[PDB]
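Engineer: Opening piece of a complex, kept in its complex position:
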Amino acid sequence: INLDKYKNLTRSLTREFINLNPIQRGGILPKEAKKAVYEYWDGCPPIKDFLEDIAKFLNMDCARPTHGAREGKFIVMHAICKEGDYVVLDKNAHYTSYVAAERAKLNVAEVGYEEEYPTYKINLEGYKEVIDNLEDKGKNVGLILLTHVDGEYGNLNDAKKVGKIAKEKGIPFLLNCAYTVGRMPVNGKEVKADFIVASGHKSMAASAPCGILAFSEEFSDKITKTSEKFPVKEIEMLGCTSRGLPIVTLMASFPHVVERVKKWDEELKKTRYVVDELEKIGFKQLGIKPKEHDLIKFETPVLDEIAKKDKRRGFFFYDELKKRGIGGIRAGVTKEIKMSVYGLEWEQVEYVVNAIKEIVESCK
Amino acid sequence: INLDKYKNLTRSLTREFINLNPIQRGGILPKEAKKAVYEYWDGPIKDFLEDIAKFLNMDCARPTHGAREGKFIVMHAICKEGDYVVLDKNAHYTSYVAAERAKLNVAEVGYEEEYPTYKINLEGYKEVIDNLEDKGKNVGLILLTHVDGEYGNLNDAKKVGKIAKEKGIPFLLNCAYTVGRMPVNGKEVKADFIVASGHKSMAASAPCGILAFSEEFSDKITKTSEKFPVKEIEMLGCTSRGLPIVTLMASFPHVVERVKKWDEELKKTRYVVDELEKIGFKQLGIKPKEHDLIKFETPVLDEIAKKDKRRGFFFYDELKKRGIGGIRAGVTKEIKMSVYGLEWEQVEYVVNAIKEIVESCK
C-alpha cells in the first residue's frame, strides 16, 4: 500500500486564487466558524435550541439536522410517500431530486418550461395540469417538488404559486432551498410549503456534509417517528445526536447567516454589476432577466471564436485565469460559463470583471 | 432573536482535560489531519477507495457518513420489506434503527454467558436462523458486531462467517470499534459486508464512515440511477465531498501505521485493568481484554457516594479537580473508560489519580 499520495495532500490554491464556483460561494466559512473547528478539532453545543431558532428563522413548525439537501429529499420521500407514488417536479430540478426519488422507490413527472432559451423559466401554473393528467390515469401524486433556485441558470420561482396549488389539491409540497436558505430570506408558511430542505455547505456558510430539514406539524409524527426498541432515537434520523464538525460550523456561522440575509440586495448589486459590465464584451445572460440570484450563466460566443484560433483550444480560458489567480470555471468549456460573486469584496468584484475584459481583448 | 448561544461557543476542555470517553479515543485528529483541516475548511478519493479495499482485504469500498449510514445501505438494497436480520444481543442501537428504517425485523442471539463476561454465543447464530426459517420467515442479513460498545468484547467473526457461508445468507461485519485500531481481514472472516466508523476508530471528524463489500454484491450496492446513469442511487451522488472525508484521507497513513502498534495499546489497557482491580474494581467482559474499551464494576465508588459527599456526582467532580473527563456524572455503580492514544505518562496519571480519589474519599 502506497502512502505517498496522502502525505503531500496539503497543497491547494484556495487562498491564492479567487474561486468563482457557484456551489462553493455560500459555503465559505467565516473566521468565527474556523475558531469553532479548532475548539472541536478532536471531534456540548445547544443543539435543541438551535433547532428552534432555525425554525423561527424559516418560520416553520419543526426542524431537524441532515447531511445535506440530498438527505433531506430522501427523508420525506421515504417517510411520507408510499412506494410507487409519483413525484411532480420542475424540469430544472437538480439531479439529486431524481436519484433520491429512485432510492425511495418512486416515480417522477417533470413540468415543462414557460419559455426555454434564453430564460428557461419554469411554468409554475403548469404544475396543476400535470397532476390532473396523472390522477385521471390514474396515478397517485405523493409529493410536489420545486427547486426554489435551480443550479443551471439560477432562476428564481414564485414558490407561493406552487404552494397555493398544492394546498387546493391536498398534496404535500417540498421546496428545495439548497440555493436559497442562508443567502436570501425564506418564509415557510408564506409560500405554503410543508417541507423545506437546505444545503448548509452551499448556502449556509457551513462545511460539508451538512443540511437542515424544516417541516410542518402535520407531518411531524411521521418524520420524527420514534423507534420501537428505543423510544428516543428517531427512525429516519437514525438516532444521531448530530455530533461532529459540520453541525458546529453551522451553529458557529448562524449569526453570520442571519445577518447577511438582510444584506442580500448588496450581493445582488454585485451580481447585476457583473452582468451589466460583462455584456459589453459579448456575453449574454441566460435565465430570467434581470438576475435575481448570484448564480449567473453567460452565453459566450466570443470565447468560442477565440478557442478556434488559440493554441490551447477551449482550455485557454481556464489557463488565462490561472495566470491572474482566478478559478471556478469548467476547463475546456467555452460555449457558456457559470459563475458567482457572492461574498466577494467589491475590490475583488472589479478584479474579476477587469480580468475577463483583458482576456477577451488580449486573445483577440 | 437570540444569537447569544452562538458567539461564546468557541470554548472547550479538549486540550485542558484528558478525555477517557471510548467513543472519541480513536477519533482524535493527528497534526496531519489538522493541517488538512486548515487547507480544506471550505470547498485522490478514487485511489483511496482502492487502498482502503486492500487495507481490509475486500473487493470494493464506498464512503459513508458513519457506520450508521453504511448499515442502512446494505439493508435497503439487499433485504425485502419484512425480512429478518439476525444479530448479537450486544448490538449497537444504530443496528435496530437502520433495520427499522428499511422496514426489517430483528432477531437477537443469546449470550454464551451473562455476568460478568457477556460473551455472545456465536454458535447460537445457526440456531436463531433455523427458528425463523421453520416459521416461514425469510432471513435477509446476518449482522455481527465485532466489538460491542458496552463491554468491548472481541468476537470471532470467522465463526459466524462460516455459518453465514453455509446458509448462503449475506454477512455484515460491524467494525466501528475494530477497523482503524486493529488489523482486519475481510475474506478470512468470510465477510460480505464490512462497516467502519471514521470518527470513532479512524481518527477523523464526524460524520465519517466506510462501507466495504465483495464483488458478488457490487451491482446491488453500486446500482446507478436511470435518469443519470453515472450517479449512484444508494449513495445519492458520486461527489461525496466534505471536511470529514479530508481528515480520513490524511489520517490514513497514521491509522494504517497505528494498527500495527495495536499491541502497544493493549499494554496500556491491561495495565489500567490490573492496576485498578487492586483498589476494588472488577472488569466485566471477556478476560483478558483484547480491546481498549473497558467497563469496570465499582462497588467502592457507589459506597462513598452513599455517605456522604455530593452523591453519584462526587466521582465526576473529583476527576474535574484533577483535569480528567469522559465519565458520565452520577453513575457510580459502574464506569466505562478507554486509554487508547494516551501517552504512557498520561496513563500513569489517570491510574494514580483514581487511586488517590478512592483513598482520599475513604
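Structural biologist: Cool, got the structure. Numbers count the residues shown, from 1 in each chain, chains lettered A, B, ... in the order given.

Engineer: For chain B, what's the nearest residue on chain A?
Structural biologist: residue A:244 (2.8 Å; CB to the nearest CB). For the C-beta atoms, the positions are set from N, CA and C on the backbone; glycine is no exception.

Engineer: Counting neighbours, what do you get for the closest residue to that residue other than its chain neighbours?
Structural biologist: What sits nearest to residue A:244 in space, not counting adjacent residues and going by CB to CB, 6 or more residues apart in numbering or on different chains, is residue B:206, at 2.8 Å. Neighbour count for residue B:206, taken as other CB atoms under 10 Å in any protein chain shown: 29.

Engineer: before we move on, what about the one 5 residues further on?
Structural biologist: Residue neighbour count, defined by other CB under 10 Å, stands at 25 for residue B:211.

Engineer: Let's verify it: helix, strand, or coil?
Structural biologist: Classification of residue B:211 using DSSP: H, G, I helix; E, B strand; the rest coil returns strand.

Engineer: Against chain A, how distant is it?
Structural biologist: Distance, residue B:211 to chain A, by CB to the nearest CB, to the nearest Å: 14 Å.

Engineer: Please name the bridge partners of that residue.
Structural biologist: Beta bridges link residue B:211 to residue B:62, residue B:195, judged by DSSP bridges.

Engineer: Would you confirm that it contacts residue B:70?
Structural biologist: Yes. Using CB atoms under 8 Å, residue B:211 is in contact with residue B:70, at 3.7 Å.

Engineer: intersection of neighbour lists for these two?
Structural biologist: B:62, B:64, B:195, B:196 (CB atoms under 8 Å, 6 or more residues apart in numbering or on different chains).

Engineer: OK, contacts around the first one?
Structural biologist: Pointing back at residue B:62 there. Per CB under 8 Å, 6+ apart, neighbours of residue B:62: B:49, B:70, B:73, B:210, B:211, B:212, B:213, B:221, B:222, B:232, B:235.

Engineer: Select only the buried ones of the residues you listed in ChimeraX?
Structural biologist: For the buried members of the contacts of residue B:62, the matching ChimeraX selection, counting by 16 or more other CB atoms under 10 Å in any protein chain shown, is:
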select /B:49,70,73,210,211,212,213,221,222,232,235
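
Engineer: circling back to that earlier point, next, the residue of chain A closest to chain B: phi, psi?
Structural biologist: The phi/psi pair for residue A:244 (degrees, to the nearest 10) reads phi 130, psi -160.

Engineer: that older thread, out of the shared contacts of residue B:211 and residue B:70, the closest to chain A would be?
Structural biologist: Once CB to the nearest CB is applied, the member of the shared contacts of residue B:211 and residue B:70 that ends up nearest chain A is residue B:64, at 9.8 Å.

Engineer: Number of residues surrounding the closest one?
Structural biologist: With other CB under 10 Å as criterion, residue B:64 counts 25.

Engineer: can you slot in chain C too:
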Amino acid sequence: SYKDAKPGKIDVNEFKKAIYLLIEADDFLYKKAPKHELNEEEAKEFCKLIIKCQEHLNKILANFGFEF
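Structural biologist: Just below you will find chain C, in place on the chains above:
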C-alpha cells in the same frame, strides 16, 4: 536559541489567544486575493494581529526561562 529552554508549563490560554489571532489574520488571504497587497490602513490592521500574536507567543516562552 531553543537549546537554552528550561522545564516549565505551557500557558494554554496564551496559546489559544496566539493561535486565534493568526486565524483572524487568515481572513486577509481571502478578502485580498490574489495579489494580497495591502495599503497603509490594511497593513496597520494586519500587522496589529501579527504583533499581538508575538506578544502572546513571548509570554509562552517566558515560562521556559526566556526573558524579554
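
Engineer: since we added chain C, can you redo the neighbour count of residue B:64?
Structural biologist: Residues near residue B:64, counting by other CB under 10 Å: 25.

Engineer: So it sits against residue B:212, correct?
Structural biologist: No. Applying CB under 8 Å as the test, residue B:64 and residue B:212 come out as separate, 10.2 Å apart.

Engineer: At the contact with chain C, which residues of the stretch 201-350 of chain A appear?
Structural biologist: For the stretch 201-350 of chain A, the residues in contact with chain C (CB under 8 Å from any CB of the partner chain) are A:324, A:325, A:326, A:345, A:347, A:348.

Engineer: Pull up the gap between the second one and residue A:307, please.
Structural biologist: With distances taken as CB to CB, to the nearest Å, residue A:325 is found 22 Å from residue A:307.

Engineer: The first one now?
Structural biologist: Residue A:324 sits at a distance of 18 Å from residue A:307 (criterion: CB to CB).

Engineer: Could you do residue C:46 as well?
Structural biologist: Going from residue C:46 to residue A:307 by CB to CB gives 40 Å.

Engineer: got the CA coordinates for stretch C:42-55 in PDB?
Structural biologist: Coordinates of each C-alpha in stretch C:42-55 appear next as PDB, following Å, rounded to 0.1, in the frame of the first residue of the first chain:
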ATOM      1  CA  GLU C  42      -4.900  47.500   5.800                       C
ATOM      2  CA  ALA C  43      -1.300  47.000   6.900                       C
ATOM      3  CA  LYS C  44      -1.900  48.600  10.300                       C
ATOM      4  CA  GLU C  45      -4.800  46.300  10.900                       C
ATOM      5  CA  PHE C  46      -3.000  43.200   9.700                       C
ATOM      6  CA  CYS C  47       0.300  43.900  11.500                       C
ATOM      7  CA  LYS C  48      -1.600  44.600  14.700                       C
ATOM      8  CA  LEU C  49      -2.600  41.000  14.600                       C
ATOM      9  CA  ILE C  50       0.900  39.800  14.000                       C
ATOM     10  CA  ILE C  51       2.400  41.900  16.800                       C
ATOM     11  CA  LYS C  52      -0.200  41.000  19.400                       C
ATOM     12  CA  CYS C  53       0.300  37.300  18.400                       C
ATOM     13  CA  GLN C  54       4.000  37.500  19.100                       C
ATOM     14  CA  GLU C  55       3.200  39.200  22.400                       C
END
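
Engineer: check whether that stretch contacts chain A.
Structural biologist: No. On the criterion CB under 8 Å from any CB, stretch C:42-55 is out of touch with chain A, staying 10.4 Å away.

Engineer: What helix or strand is residue C:28 located in?
Structural biologist: helix C:27-31 (DSSP states H and E).

Engineer: Return the distance of that helix from the chain's centre.
Structural biologist: 17 Å (CA atoms, centre = their mean, to the nearest Å).

Engineer: just stretch C:2-16 next, same as before
Structural biologist: Relative to the centre of its chain, stretch C:2-16 is centred 15 Å away, using CA atoms, centre = their mean.

Engineer: Chain D follows; place it on the structure:
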Amino acid sequence: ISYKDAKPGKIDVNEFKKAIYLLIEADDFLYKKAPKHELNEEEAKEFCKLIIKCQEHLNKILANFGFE
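Structural biologist: So, slotting chain D in with the rest:
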C-alpha cells in the same frame, strides 16, 4: 515596534502558512501533555523550537510592511 508604523506591503502566503503549521504541530503538546502541560528540559526545547520558528516567520511577514 508599533503597528501604526505599518507601511503598504504584500502578505507572504508561503511564510504565513509556515507560521500556522508550527502552531498546529505545537498544538499536539496541548493534547499529549494534558492536563498539567508541564514540560521537561527536552520537551521544552522541542516545544520552544516551534514557537521560536513561528515568530521568526511572523517577523519575515512584518518585514514586508516596513519592519526590521
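
Engineer: again for the neighbour count of residue B:206, since chain D is there now?
Structural biologist: Residue B:206 has 29 nearby residues by other CB under 10 Å.

Engineer: contacting residues for it?
Structural biologist: The contact partners of residue B:206, taken as CB under 8 Å, 6+ apart, are A:43, A:243, A:244, A:245, B:27, B:66, B:198, B:199, B:244.

Engineer: can you rerun that using 7 Å?
Structural biologist: Neighbour list for residue B:206: A:43, A:243, A:244, A:245, B:66, B:199, B:244 [criterion: CB atoms under 7 Å, 6 or more residues apart in numbering or on different chains].

Engineer: And residue C:32, how far from residue A:342?
Structural biologist: Computed as CB to CB, the residue C:32 to residue A:342 distance reads 18 Å.

Engineer: out of the contacts of residue B:206, who's nearest residue D:27?
Structural biologist: The nearest member of these to residue D:27, counting by CB to CB, is residue A:43 at 14.3 Å.

Engineer: can you map out the strands along chain C?
Structural biologist: C:8-9 (DSSP state E).

Engineer: Where does the stretch 51-200 of chain A get nearest to chain D, which residue?
Structural biologist: Residue of the stretch 51-200 of chain A nearest chain D, by CB to the nearest CB: residue A:200 (25.4 Å).

Engineer: Also the stretch 151-300 of chain A?
Structural biologist: Residue of the stretch 151-300 of chain A nearest chain D, by CB to the nearest CB: residue A:245 (16.0 Å).

Engineer: where's that residue relative to residue B:245, distance?
Structural biologist: From residue A:245 to residue B:245 the distance is 11 Å (CB to CB).

Engineer: For stretch A:104-116, what is the distance to the chain centroid?
Structural biologist: With CA atoms, centre = their mean, you get 18 Å for stretch A:104-116.

Engineer: residues contacting the spatially most central residue of chain C?
Structural biologist: The centre of chain C sits closest to residue C:53, judged by CA atoms, centre = their mean, with a distance of 2.4 Å. Counting by CB under 7 Å, 6+ apart, residue C:53 makes contact with C:18, C:21, C:22, D:58.

Engineer: can you rerun that using 10 Å?
Structural biologist: Taking CB atoms under 10 Å, 6 or more residues apart in numbering or on different chains, we find residue C:53 in contact with C:17-22, C:24-25, D:19, D:23, D:54-55, D:58.

Engineer: And the residues you listed, which is closest to chain B?
Structural biologist: residue C:20 (8.3 Å).

Engineer: Spatially nearest residue to that closest one (excluding sequence neighbours)?
Structural biologist: residue A:35 (6.2 Å).

Engineer: Flag every buried residue along the longest helix anywhere in chain C.
Structural biologist: Among the segments of chain C that qualify as a helix by DSSP state H, the longest is helix C:40-62. Neighbour-count burial for helix C:40-62 flags C:42-44, C:46-54, C:56-61 (criterion: 16+ other CB under 10 Å).
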